[PDB]
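We begin with a single chain expressed as C-alpha cells, specifically the form deposited in one PDB entry.
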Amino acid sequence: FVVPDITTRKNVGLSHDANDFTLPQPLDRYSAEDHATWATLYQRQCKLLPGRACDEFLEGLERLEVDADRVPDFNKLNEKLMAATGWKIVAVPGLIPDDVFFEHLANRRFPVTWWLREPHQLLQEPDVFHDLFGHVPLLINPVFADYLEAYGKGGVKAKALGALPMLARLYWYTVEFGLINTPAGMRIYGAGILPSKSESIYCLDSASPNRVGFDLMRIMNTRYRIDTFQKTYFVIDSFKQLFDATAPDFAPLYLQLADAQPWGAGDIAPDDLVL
C-alpha cells in the first residue's frame, strides 16, 4: 500500500506559495506533544554537543534565544537574526524546488520546514528540529552567512550548465556534513550531524569514516548517500577558508566535472589529505 508521507500528513489544510513556497508559521498546529518533543531533542543535543559542536554553533543557539522548551516562534528569532547578519528564516512545508531554495538563500532567507517529527520517530525528511536547530545558529556568523548567500547566488549559473548536482555535493559536504578542525580537536558544523544522537558521536570518535581536507574540485566530484552515516567527512580550517575557496568562477570547473567519473561516497582519492 501507498500511504501519505509525513509531509503530506502534516500539511493537511495548509497552503504554500507556487512562487516562493512559504507560508506563515502555523503556531496553532503545534501540540503539547510537539513542544515536549522539541524540548526532549533540544535537551538531548545540548548535553551531547559540548566539545563536539564547534563553539560558534553553541553560541548561536544562545544569541538567537532558541527556545529550549517549545518549538520557536520564527518571527521572534528573526528579530535577533536580522540584527546580527540581515538574514531571516521563512517557513516552508518541507522539501521545496531547488531554484526556490537557491533564490531564498541568494536573498538571505533560510527555508525551514515548519512541522516536527513525531515522538515515535525521534527520520530522513528534514523537520523543524533539523532545519532550525541544525542549520540556523551559524547564520549569526557573518562569514558563514556570506557563504550561504554566495551559494544561493551560484544556483543560477549551476542550473544553466546542468551542474546543480555538483553544487548539491558541495552543500552536502559542507553545510550538511562538514567538520572544522581546531587546535582543541576536530569539531562539527554540519547541520545534518548536530541534531543527531548517534552520527555526532561517530563522526568524531569512530576510526571508520575518512576525514579528508577540504578540496573544492574533489568534493564537487564526490557522490553521497542520504540514508546512512557518511563514509567521508570533509574538514575545513575556518569558515573564511571555505568562503575564499568557493569564490572563484565555477563555470570551467563544472564543464570539467561534467566529463568526469565521480568518486563513491567511501572512496579515498589519490590526492586526499587524510586527517
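From 1 onward, residues are counted along the sequence shown.
According to the PDB entry, the deposited sequence contains 1 to 3 residues between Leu122 and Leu123 that lack coordinates.
Of the two segments examined, 225-233 and 41-49, it is 225-233 that shows the higher average Cα temperature factor in the deposited entry. Note on 163-171 vs 75-83: mean CA B-factor is higher in 75-83. In this entry, the residue among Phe57, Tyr30, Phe214, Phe250 with the greatest C-alpha B factor is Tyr30. Compared with the other modelled residues of the chain, the Cα B-factor recorded for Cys203 ranks in the lowest third. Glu103 sits in the middle third of its chain by CA B factor, as recorded in the PDB entry. Ranked against the other modelled residues of its chain, the C-alpha B-factor of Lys157 as given in the entry falls in the middle third. Per the deposited record, the Cα B-factor of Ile140 falls in the highest third when ranked against the other modelled residues of its chain. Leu116: CA B factor lies in the middle third for its chain, per the PDB record.
Below, we refer to the form solved in complex with a small molecule, which is not included among the displayed structures.
This chain appears without its partner; in the deposited bound form, the one residue of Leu95, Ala184, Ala83, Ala160 with a heavy atom within 4.5 Å of the small molecule is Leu95. Shown without its partner, this chain lists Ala168, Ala106, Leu204, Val143 as candidates; in the deposited bound form, only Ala168 has a non-hydrogen atom within 4.5 angstroms of the small molecule. Contact check for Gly190, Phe234 and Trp263: none of the three has a heavy atom within 4.5 Å of the small molecule in the deposited bound form. None of the heavy atoms of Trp87 is located within 4.5 Å of the small molecule in the deposited bound form. The small molecule in the deposited bound form is not approached by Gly134, whose heavy atoms all lie more than 4.5 angstroms from it.
Interface residue remark: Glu176 is counted as part of the site for the small molecule in the deposited bound form, having a heavy atom within 4.5 Å. With a 4.5 Å cutoff on heavy atoms, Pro72 does not count as touching the small molecule in the deposited bound form; it lies far away.
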